[PDB]
Ligand SMILES: *C(=O)[C@@H]([C@@H]1CC(SCCNC=N)=C(C(=O)O)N1)[C@@H](C)O
């Protein structure tokens, strides 16, 4: 069958934060990972029960802050590239990986057609009513694009898509 997801926590992470960071209960992430009853540890690896494994999944989101574009990739080759908010002077390479964990039903409002979640706190892939700041403005690091674009990606990238955000060089 298809495997459940793995996560590797970064220095400073905490149980509750990570659980509902994964849109789940700490107890469920505990059930699968009794190491975490007590807590989480930098570089430690944890399973996300009820969520499939990103290695069964072939999808690879390469959004380099340096590249200022988020590249979709299947089977070692890109699917398509979407523009995102990087900034005009924002350094510090976040050496970590996130996963496309969720997609939300048509909200009905300016939430941007779809709400897709990343795996670390204040990061998400979503939509907009204003795409003109996308890739061309300092929108405080918002990973949003056109409605249909974020639904394209949405339906292709599954509940465990690998996504990295790095300034590169
Ligand atoms: C980016 O497009 C916005 C930015 C988004 C957010 S956080 C929104 C909710 N995310 C999910 N919990 C902003 C914020 O300050 O909270 N603003 C930018 C253009 O203002």
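Residue numbers in this text run from 1 along the chain shown.
Placement of Cβ uses the backbone N, Cα and C atoms for every residue, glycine included.
These come from the PDB entry:
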SEQADV    1-4  expression tag
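Per Swiss-Prot, these features apply:
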DOMAIN    5-48  domain 'LysM'
DOMAIN    59-166  domain 'L,D-TPase catalytic'
ACT_SITE  126  active site, proton donor/acceptor
ACT_SITE  142  active site, nucleophile
Residue pair the residue listed as 'active site, nucleophile', residue 126 (active site, proton donor/acceptor) - Cα distance, angstrom, rounded: 8
Chain residues outside the expression tag (1-4) and at least six past its termini with a C-beta under 8 angstroms from it: 32, 47-53, 55-56
